[PDB]
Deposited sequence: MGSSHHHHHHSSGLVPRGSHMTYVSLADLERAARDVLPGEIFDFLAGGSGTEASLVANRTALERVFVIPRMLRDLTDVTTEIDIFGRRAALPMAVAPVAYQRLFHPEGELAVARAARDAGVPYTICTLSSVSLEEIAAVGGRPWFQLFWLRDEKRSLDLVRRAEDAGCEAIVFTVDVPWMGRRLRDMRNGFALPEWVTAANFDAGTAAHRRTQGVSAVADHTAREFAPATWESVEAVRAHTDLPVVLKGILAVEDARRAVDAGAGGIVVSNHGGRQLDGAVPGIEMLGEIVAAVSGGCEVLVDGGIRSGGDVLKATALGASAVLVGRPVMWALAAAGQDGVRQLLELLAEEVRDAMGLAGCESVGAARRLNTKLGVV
């Protein structure tokens, strides 16, 4: 029985090979941004409300035309067969059963059509390829397979400097492949427009940190953004998304959904993100800890724990709905 997400990290470190744990845990450069994602959440304190009606507390949201059970989705994480033989299928099944959106990756180790066939109304994460037509074909494949949103990753013109991976000499095992293929080009605003013109699905730009990039995303017709430094894996020294979130929420002024990720490790952290104005969060590494530890059942247990922590935090803060949580105030503290 896991009582916190930290129980799952401990379990994952026990089971995973060192170099795979490092691929998962690590960030770029000195890992300043990786650590800052945690620091940034730990400095935020919530000002809870008391004495409100909690007779029907609901953690549900509506996002991109679907009801989700929590203000949370599984972040795109490449190559999930690194962590468990069932890889993406195990995670997608658990997410479906929990009513949480699952983000299918361009670099999934099981094909996007197979993962979509699990059900649960999935999203699809896009990397822009040097061959543009390949990019747009992936989008069409995703849409044909029933994916509900295109999560266009905009903070990877190329991969950051992963010093753990360099020092370990990390490479994919022969049994883990990019199953959507039988090489990255930097994406631009023109690429965003090409995607927006090629699909009826909401386009969500993942990796926005500058306020004017958030504004431009709305002007470009994005249905959402994810305020994110890519888990500290891209620019080392990039500001945490949680530190830009409030300013971005104010600037977009309801023009698109504003998600955040990086370091969400509890329902309390979800509450903090919501109180800062997020529509929803993504959770990355902890989902992989659960997958590594106990496969589909592990992910189920993680999502059940997160669901309980979110409900607990919301009610203790006087919030019968996620909208009420967005109206909570916060105060910065120390360490």
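Novice: What residue ranges of the deposited sequence are absent from the coordinates?
Specialist: Sequence ranges with no C-alpha atoms are 1 to 21, 204 to 224.
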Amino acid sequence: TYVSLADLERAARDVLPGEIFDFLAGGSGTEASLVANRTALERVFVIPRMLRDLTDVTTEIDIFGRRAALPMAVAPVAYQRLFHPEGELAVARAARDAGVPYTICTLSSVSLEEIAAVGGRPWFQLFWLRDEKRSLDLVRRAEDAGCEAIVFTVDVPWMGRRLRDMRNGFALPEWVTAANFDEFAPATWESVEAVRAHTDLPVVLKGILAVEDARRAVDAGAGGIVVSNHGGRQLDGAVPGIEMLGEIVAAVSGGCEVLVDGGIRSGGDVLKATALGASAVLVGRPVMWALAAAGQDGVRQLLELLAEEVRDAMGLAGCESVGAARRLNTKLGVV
From here on, numbers count along this sequence of modelled residues.
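We call the rigid core the largest set of C-alpha positions that still match within 1.5 Å between the two forms.
Novice: Please indicate which stretch deviates more in 7 other deposited structures of this protein: 125 to 133 or 260 to 268, judged by C-alpha RMS distance after a core superposition?
Specialist: So, of the two stretches, the farther one in 7 other deposited structures of this protein is 125 to 133.
Novice: Checking the other PDB entries with both flanking residues built, is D182 absent in a third or more?
Specialist: Other entries vs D182: at least a third skip it.
Novice: Averaged over C-alpha atoms, is the B-factor higher for 16 to 24 or for 320 to 328 in this PDB entry?
Specialist: Looking at the recorded C-alpha B-factors, 16 to 24 comes out higher on average.
Novice: I need to verify one thing: averaged over C-alpha atoms only, is the B-factor higher for 94 to 102 or for 130 to 138?
Specialist: In the deposited entry, the stretch with the higher C-alpha B-factor mean is 130 to 138.
Novice: Compare the CA B factors listed in the entry for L172, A238, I115, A75 and report the winner.
Specialist: By C-alpha B-factor in the record, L172 ranks first.
Novice: Tell me, please, which of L259, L209, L163, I150 has the highest C-alpha B factor according to the deposited entry?
Specialist: That would be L163, according to the entry.
Novice: Sorting the chain's CA B-factors, does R67 end up in the lowest, middle or highest third?
Specialist: Highest third of the chain for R67's C-alpha B-factor.
Novice: Should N37 be placed in the lowest, middle or highest third of its chain by the C-alpha B factor in the entry?
Specialist: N37: CA B-factor falls in the lowest third of its chain.
Novice: When the modelled residues of the chain are sorted by Cα temperature factor, does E88 land in the lowest, middle or highest third?
Specialist: Its C-alpha B-factor, which the entry lists for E88, ranks in the middle third among residues of this chain.
Novice: Using the B-factors in the PDB entry, rank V287's C-alpha atom against the chain and give the third, lowest, middle or highest.
Specialist: Middle third.
Novice: Determine, from the deposited record, the chain-internal third of the Cα B-factor for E308: lowest, middle or highest.
Specialist: Middle third of the chain for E308's C-alpha B-factor.
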